[PDB]
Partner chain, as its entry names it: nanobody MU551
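One chain comes next, on its own, written out as structure tokens in the form deposited without its partner chain.
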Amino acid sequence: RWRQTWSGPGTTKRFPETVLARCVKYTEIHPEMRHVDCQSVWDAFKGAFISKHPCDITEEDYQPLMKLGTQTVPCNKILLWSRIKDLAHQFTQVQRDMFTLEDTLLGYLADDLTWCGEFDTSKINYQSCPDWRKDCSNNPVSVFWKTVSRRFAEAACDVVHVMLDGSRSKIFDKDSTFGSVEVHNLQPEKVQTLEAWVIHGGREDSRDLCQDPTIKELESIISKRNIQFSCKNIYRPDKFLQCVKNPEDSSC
């Protein structure tokens, strides 16, 4: 066929087997998740979107999966990120200094995957799924990330860190998941400070991007929620990661 229903990539090939295998792998590694029944998780994940119109997904659809995937994360060691996931993941891999969303069972299960179903059949759609912009925002994937990111931000306390991509024209983007969901769901009763690490993409010598208009907007928004804001430039992310691996080495 030469034309698809939707404008987005279709469900990831072998989605069911992939989610299942990821759940097995995660529960084998992480002792606190040892008991989780991975069949049950698959079933709940399925139940959220199969036989439903993929432009009519709600957060409620994901509640059974959210329940099954309930997990304590050290509330003071949370790392959020925006449009810079590779560095964020490479960093937490070194010595588990912090935890991203993708370090949780549910973030781990869905990371890099696409999925959707069909109204009034129980089939997974492998040909196309709704594009957030062109088709609808209430699609299974977008609704999943909004739901899980909210819960992750609500769990944070003390100093929460965020890595931002200093090479984008909007270092802080109010339309991103970080800017539209996470920023507004940090609990001012619990969260003392949000500290941003602005990652330079500009090789060598560069500006103080903590002075960027979008960083000042983020400062203003956070400050107005009664949370302190701190910012730091990471001028050479390669050096940073080497310093994490081998601190007090030299030049760090």
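Positions refer to the first chain, counted from 1. Each form is matched to the other, and the largest set of C-alpha atoms that superpose within 1.5 Å is called the rigid core.
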Self-check item: RMS Cα shift after core superposition in 4 other deposited structures of this protein, winner of 35 to 43 and 198 to 206
Solution: 198 to 206
Exercise. Name the stretch that deviates more in 4 other deposited structures of this protein: 95 to 103, or 160 to 168? Use RMS CA distance to the shown form, core superposed.
Key: 95 to 103
Quiz item: Taking the entry's C-alpha B-factors for this chain, is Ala110 in the lowest, middle or highest third?
Solution: lowest
Quiz prompt | Ranked against its chain, the third holding the CA B-factor of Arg133 | solution = highest
Quiz item: Split the chain's modelled residues into thirds by Cα B-factor; is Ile227 in the lowest, middle or highest one?
Solution: middle
Practice problem: Pull the Cα B-factor of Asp37 out of the PDB entry and bin it into the chain's lowest, middle or highest third. | Solution: highest
Exercise. State the tercile, meaning the lowest, middle or highest third, of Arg207 with respect to the CA B-factors recorded for its chain.
Key: highest
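The following text describes the form solved in complex with its partner chain, which does not appear among the structures shown.
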Exercise. Scan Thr92, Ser142, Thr114, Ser128 and let me know which has any heavy atom within 4.5 Å of its partner chain in the deposited complex.
Key: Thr92
Quiz item: Would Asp173 sit within 4.5 Å of its partner chain in the deposited complex, counting heavy atoms only?
Solution: no
Self-check item: Partner proximity in the deposited complex: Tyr108 to its partner chain, non-hydrogen atom cutoff 4.5 Å
Solution: yes
Exercise. Classify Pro213 as contacting or not contacting its partner chain in the deposited complex by the rule of any non-hydrogen atom within 4.5 angstroms, answering yes or no.
Key: no
Quiz item: Using heavy atoms and a 4.5 Å limit, would one call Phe99 a contact residue for its partner chain in the deposited complex?
Solution: yes
Quiz item: Can you name the residues of 6 to 34 that have a non-hydrogen atom within 4.5 angstroms of its partner chain in the deposited complex?
Solution: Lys25, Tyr26, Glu28, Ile29, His30, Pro31, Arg34
